[PDB]
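This is what each chain is made of:
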Amino acid sequence: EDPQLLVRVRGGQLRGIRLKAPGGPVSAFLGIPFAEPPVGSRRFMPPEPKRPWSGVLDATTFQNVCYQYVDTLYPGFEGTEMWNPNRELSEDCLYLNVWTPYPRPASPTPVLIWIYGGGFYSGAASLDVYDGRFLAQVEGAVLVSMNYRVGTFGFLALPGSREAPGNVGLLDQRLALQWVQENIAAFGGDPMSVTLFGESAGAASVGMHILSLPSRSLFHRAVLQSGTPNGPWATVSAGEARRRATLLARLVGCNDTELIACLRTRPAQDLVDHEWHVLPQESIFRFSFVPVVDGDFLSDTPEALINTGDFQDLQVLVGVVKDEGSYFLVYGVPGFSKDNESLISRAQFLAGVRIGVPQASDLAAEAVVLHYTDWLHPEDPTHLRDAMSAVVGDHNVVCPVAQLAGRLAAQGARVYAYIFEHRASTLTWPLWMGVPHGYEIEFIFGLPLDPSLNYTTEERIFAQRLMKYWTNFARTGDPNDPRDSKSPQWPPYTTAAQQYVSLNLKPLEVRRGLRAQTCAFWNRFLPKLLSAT
Amino acid sequence: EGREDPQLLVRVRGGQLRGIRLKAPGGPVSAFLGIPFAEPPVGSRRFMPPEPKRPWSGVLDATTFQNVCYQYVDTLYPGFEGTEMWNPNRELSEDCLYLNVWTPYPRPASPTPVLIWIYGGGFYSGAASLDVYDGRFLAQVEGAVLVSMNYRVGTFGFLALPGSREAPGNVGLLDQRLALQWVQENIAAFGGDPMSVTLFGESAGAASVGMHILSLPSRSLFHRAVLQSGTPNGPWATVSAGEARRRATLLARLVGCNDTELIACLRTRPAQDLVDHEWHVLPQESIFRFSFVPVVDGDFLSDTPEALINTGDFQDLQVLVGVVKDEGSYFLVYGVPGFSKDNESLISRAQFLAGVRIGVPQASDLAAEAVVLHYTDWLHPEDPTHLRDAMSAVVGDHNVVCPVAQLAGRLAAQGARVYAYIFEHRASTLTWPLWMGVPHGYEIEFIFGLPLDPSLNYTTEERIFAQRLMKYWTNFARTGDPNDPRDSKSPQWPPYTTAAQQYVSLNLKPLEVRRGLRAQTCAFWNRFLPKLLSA
C-alpha cells in the first residue's frame, strides 16, 4: 500500500492515514504509544518508554482519552461539549499524534508540539479544535500532540513518597518530548527546531518545561496562550498536595506506601467522584490536582524560578484573550448564567469576589472590590458583571502573563505579546461573555479554512494570518513575516516599552501596557496584604 | 461731629464709628476698618475664650486696618510676591480681635445680604487686611455687605489642654463666632440683612466654615456657607484631645514650663517665644500639617468632623465647595527634597517615595506603598515630570480634593444643597513657576474681583472672568443658587448629587459640567486607606 504512510520509529513500524484538508492531502499518525500504559501498579507513577512492538502498528485512529472528569453543567450544549472527551476514557492513554504534509517533507521541518489545557483535570489531544490537519497542509508544519494523565492519575502527590512523587502528568509530556527527539526525524521533522505551544493548563505546562532543566534540552521555543506556570492556580505546595491526596484517600475508605496501595485498588471513577471535594475553599478557577512544587521537577516555586533564571537564549510568545474570566463565572458564582445576561447586584459582586479570590482576607477582598468598582456607577449591574469577569481574568491569567512576560524579557528572553480580541461568529456562548477563555485556539489551528463549519470570509483570512504568525515564530523565533515587509511590525515585549499587539480582523495595532495599573495591584501590592493576616 | 461726611458715621452696640470713603474702579464704597469686637485677649486672657468688647466713649476711628494676630512670618523667599502677599501687612500684636466692614456708598437702603470672610493660613497665620481680601469690589460692583474678622492663630488661638479652664482650646474658632454674633446684632446699622448671612473662606478658613456648620451654637448665626479648598474633616484640620494635650505640654517644655501652673507659665512667655517653638511639636517630618489647630473637645466639636457629617441632618443648608487644579504643588517646596520654585523640580523615584512619607506622615510602610503604586505611571515609572506631578497630586488629593469630595457626598446624601466646582485658570500675574499650575489659594484674588483694579495688570478676559465669579458667589449668597435667573443664555450650574456627581469648571470659558470629582482616586483615600491603616 501507500509508502508515504509507512514510518519506522525506534519501537517498530507505523501505518498512517492520508487525510483530506481543504487545500490537499496530509499524512496523519494517530495513537502512537510513547509509554507503557500507566495502569494497575503504575498508577500515580512516572511513565516509562513504550516497549517495542512487532509487525505494522495501526496508527490511523485517535486512542483513548485519559480518564478524567466530564462536564455536566450544560448537557448537549456545543459550548461545553466541544471540550468533553470524544473517545472512551481509560487510564491506558499515553498516546501521541503526528500530522505532516503529504507527501512527507523532503527537508527537515520545524515541529510544533501542542499541549492541551483543561485545568490539569481534563482535556485530550483528539478534540476537533486541536486538529493539526490545517497547519500541516497550509504551512507544511510537522505538528505533534500528546495525551498526558490529568486529575488524580496525573498529579495526585504524596511528596517525598516513591509510589506517588507527583507531577507524573508533566513527566508524560516530557517523555513525549523525548520521543519527538528520537523519532520525529523519521516523519520529516527537525528535532533541532521544536516549538512547544499550549493553552490554559497546557500553557502553564509549557512554562514549567521552561523552568525544569531536564525538559529544556527537548525544545527551543515556547508559546503560552492564556496560562502561566506562575499564578494562583497552576501549582500547589508539597504540604497542600499531601493534604488533598490524604483527604481524597479518606473519602474513598483509604504510612504512604499502604495509603497509595489502597488508592491503586479503586475504579477510576471512584477517584473522580471525590476529586472536586478537596479544595480548601469554595472557588472558581481552582483545581484540585495540579503540578506540585516538589523540589525535583520544580526546584522552587515558579515565581522564584522566573525571578532568578537565565533565559537569554529562549524565545517565547505569550498572550491572552479579551475576556479571560467570563467563562468561569457560571461555574459557582451566584447570579451568572449562560442563558440570561447575568446582570448582578453589588452584594453579589462582593460574594463573587470571595469566590474568585478564595485566598483573600476580608481586607484584601475589599481592596479588590474598591479597585474594580466604577465609583461613578457603583451599582450599574452591567459594570459589576463585566468587572467580576475582569477580577477572575486578571487575577488568574492576564496579570500572571504580564508578570511572566516582564520577568522573561528582563532576564534575557525574547518575548512577543498579544491580546486576542476577535469573537467567533460561530460562538454559542452569550455575548456578555465576549471572547471567552480558550476561543482563540480554533483560529490558530486554522479551522475557519474548513468551509463546512460556516466561518466568515474575513475569519478565514484572519486564521491564515495567525497560522503564519505561529509558524513563523516556530521557524525563526519571530512572528513577523520575513517576506511581507509592510507598515506595522510586531515588536518584542520589553520591560521598558511594554509593547504588545492586538489580534483581530483589523491590521496589527501595537499597544503599550498589559494592564499596567491593574496588574500592578495584583502583582505588586496584594502580595503585601496577604501577609498582614 | 459737625464737618465730617454724614454718610460715614454709624453707631454699633459698643459706641460710634467713623468710616472712610474708599475709591473702587467704578465708584466709591464705605469702609469701616478695625472695629473692635472683643476685649484684647492679652495678659491673663491669653489662651482664654474672647469676651465681648466693652463699650467705648466718643467716636472710634474706623478708617485703617488694625493689628494682625501674632503669627509666624514666612521667610523662605525674601521679597518674593508669591509668599509676601500672604505675610502680615500690619503690626503683629495679641491685641488683634478686630473686624472690617465694606458696604456700598451711600450705604444701602433696603437690607442687603451679608458675606463674612474667614481667611486661611493653616490656623497659624493669616489676616483680614491682606490686599487679596479687599471687599471693596464685591461691595461696589455687587452691592454686597462684606465682613471679615481677625481670629487668633497658632498657639494663641488653638493651644489646648483639653478639660482645663485656662486653656480649653478652639478659642480661635470662638473669636470667629463672636464676630458672627457681632454681625447678628450690629450689621443692620450698615444696611446688612442679618437674616441673609453667608460664610465663605479658604484653606483653614474653609475648614473653620465647616466647623461652624458642625457646631450648633454657631449654626444659628448664618444661613449659607462656601468652602474653598478646605474641609473640617481631613488629616490636618483637627487634632484629638490627647494629641492637642501632648503638643501643648511639649511646647511648654521647649520654652521652660497640674494644668493651671503650666498655662500660667506659658502666659508669662513673650509672644515671639511661643512662635519660635511653635513648629517643634509636630509628631513627624511633614508638610500640610500644623501644630495648633482646632481640637475635638466634645464641646465646640461634639465628635470628630467625620462622625458629625456622617450623622447629621443638613436639609436646611446650601453650600458651595470646590478646589483648584493644583492643591498640593505649593506645599512641596516647603519640606520635600528635590522641589524648588526656581528649577523645574524634576525628581527621581527615590525622592518621590521620600516625599510620600512626608506628605502622608501618618502612613505605615504598607500604606505608604499603596500610595506609591497607585500614583505610579507604570508605563514611565521613572519619568521625573510625572513623578513631580504625582507628588503634587498626592498632597493635593490627600489634604483637599478627597476631603472635599467626601464632604460634598455626605452633605448631599443628608439633604443639603451642594454646588461643586474646580478652579482651573492660572492668573497671568502669578509669580510662582509654571510647574505649580494653579496653586493653593490663587482663586481668591478672582472671587474678590481684584482684576477689576486696572493698575494690577490683569488681562481683559481675566476681568470679565472675575466679574462672572463674583456673580456666582453673590447669587449663591442672595438665593442659595449661583445660577442667574436674569440670564438663561449661559449654561446652568447643576447641584452636586450622589447619583450624578456633577461639578463645573471655572475658567475663561463658559461653564462646563463634569461628572465625578476624582472618584476612583478618592475611593482609595476615603474608603480603603482608613481600613488598611487599622493594621
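**Student:** Any chance you could break down the nonpolar core for me, citing the residues and the numbers?
**Tutor:** Grouped together as the largest cluster of nonpolar side chains are 380 residues, with contacts concentrated most on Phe 187 and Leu 503 of chain A together with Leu 506 of chain B. It is helix α13 (residues 381-410) of chain A that contributes the most residues to this core, 15 residues altogether. Excluding residues that lie within four positions of it along the chain, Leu 506 of chain B makes contacts with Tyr 421, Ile 422, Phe 423, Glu 424, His 425, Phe 465, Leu 469, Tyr 472, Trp 473, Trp 493 and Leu 511 of chain B.

**Student:** For the environment of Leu 221 of chain B, give the residues involved together with the corresponding values.
**Tutor:** Residue and element names in this part refer to chain B. Mapping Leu 221 onto the fold places it in the loop between α6 (216-219) and β12 (224-228). Separated by 40 residues in sequence, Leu 221 and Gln 181 place their C-alpha atoms 6.6 Å apart. Non-local contacts of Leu 221, meaning those with residues more than four positions away in its chain, are made with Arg 177, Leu 180, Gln 181, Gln 184 and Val 197.

**Student:** Would you mind going over the interface of chain B and chain A in detail, with residue names and values included?
**Tutor:** By a frequent convention, interface size equals the accessible area lost on bringing the separate parts together. Each partner contributes residues to the interface: chain B has 21 residues there, and chain A has 22 residues. Interface area, chain B with chain A, both sides summed: about 1,800 Å², of which 64% is carbon and sulfur. Summed over the three residues of chain B that lose the most area to chain A, namely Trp 378, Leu 379 and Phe 528 of chain B, the buried surface amounts to 34% of that side. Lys 531 of chain B serves as the salt-bridge partner of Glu 366 of chain A, at 3.8 Å between the closest nitrogen and oxygen. Scanning the region where chain B abuts chain A turns up seven residue pairs in polar contact. Of all the secondary structure elements, the ones that give two or more residues to the side of chain B that touches chain A are α12 (365-374) and α16 (519-532) of chain B.

**Student:** Residue-level account of helix α11 (residues 346-356) of chain A, with values.
**Tutor:** Residue and element names in this part refer to chain A. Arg 346, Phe 349, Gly 352, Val 353, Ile 355 and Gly 356 are the residues of α11 that are buried. Buried residues of α11, viewed axially, fall in a sector of 160 degrees; they line one side. Where α11 begins, the side chain of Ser 345 points an oxygen toward the backbone nitrogen of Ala 347, at a separation of 3.4 Å.

**Student:** Give me the UniProt feature "disulfide bond" in chain A: which residues, what numbers.
**Tutor:** Residue and element names in this part refer to chain A. The UniProt disulfide joining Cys 66 and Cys 93 is present here, with an S-S separation of 2.0 Å. Here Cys 66, found in strand β6 (residues 65-66), pairs with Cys 93, found in the loop between β7 (89-90) and β8 (95-101); they are 27 residues apart in sequence, far enough to count as distant. When sorted by exposure, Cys 66 lands in the same class as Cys 93, which is buried. Look at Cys 399 and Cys 519: UniProt pairs them in a disulfide, and at 2.0 Å between sulfurs the bond is present in this structure.

**Student:** For the UniProt feature "disulfide bond" in chain B, give the residues involved together with the corresponding values.
**Tutor:** All names here are of chain B. Formation of the UniProt disulfide linking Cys 69 with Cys 96 is confirmed by an inter-sulfur distance of 2.0 Å, under the 2.5 Å limit. Of the two residues, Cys 69 is situated in strand β6 (residues 68-69) and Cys 96 in the loop between β7 (92-93) and β8 (98-104); the sequence distance between them amounts to 27 residues. Each member of the pair, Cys 69 as well as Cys 96, carries the same accessibility label: buried. For the UniProt disulfide linking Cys 257 with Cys 265, the SG atoms sit 2.0 Å apart, under 2.5 Å and consistent with a formed bond. Look at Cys 257 and you get partly exposed, because its relative accessible area is 32%. In this structure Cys 265 comes out as partly exposed when scored by relative accessible area, which is 22%.

**Student:** Give a detailed account of the packing of helix α12 (residues 362-372) of chain A against α16 of chain B, specifying residues and quantitative values.
**Tutor:** In the contact formed by α12 of chain A and α16 of chain B, the axes pass within 10 Å of each other and the chain directions differ by 170 degrees. Regarding the angle of α12 of chain A to α16 of chain B, the classification is roughly antiparallel. Residue-level inspection shows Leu 363, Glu 366, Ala 367, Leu 370 and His 371 of chain A of α12 of chain A in contact with α16 of chain B, the latter providing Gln 520, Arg 527, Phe 528, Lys 531 and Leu 532 of chain B. Of the residues that constitute the contact of α12 of chain A with α16 of chain B, the class distribution is five nonpolar, two polar and three charged.

How each quantity is defined
Residues numbered from 1 in each chain as written, not as in the entry; some residues may be left out. Chains lettered and ligands numbered in written order. Heavy atoms only, no water. Residues with missing side-chain atoms left out of burial classes, pairs and counts. Core = buried A, V, L, I, M, F, W, Y, C linked by side-chain atoms within 4.5 Å. Buried < 20%, exposed > 50% of the residue type's maximum accessible area, 1.4 Å probe, protein only. Helix = DSSP H or I, 4+ residues; strand = E, 2+ residues; numbered from the N terminus. Contact = heavy atoms within 4.5 Å. Buried area = accessible area lost by both parts, 1.4 Å probe. Salt bridge = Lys/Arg side-chain N within 4 Å of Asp/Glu carboxyl O. Polar contact = N/O pair within 3.5 Å; in protein donor to acceptor, adjacent residues only side chain to side chain. Arc of directions from axis to C-beta. Disulfide = S-S within 2.5 Å. UniProt positions renumbered as here; feature names shortened; annotations may be inferred. Axes fitted to C-alpha atoms, helices over the stretch in contact; angles between N-to-C directions. Parallel < 35°, antiparallel > 145°, perpendicular 65-115°, else oblique. Nonpolar A, V, L, I, M, F, W, Y, C, P; charged D, E, K, R; others polar.

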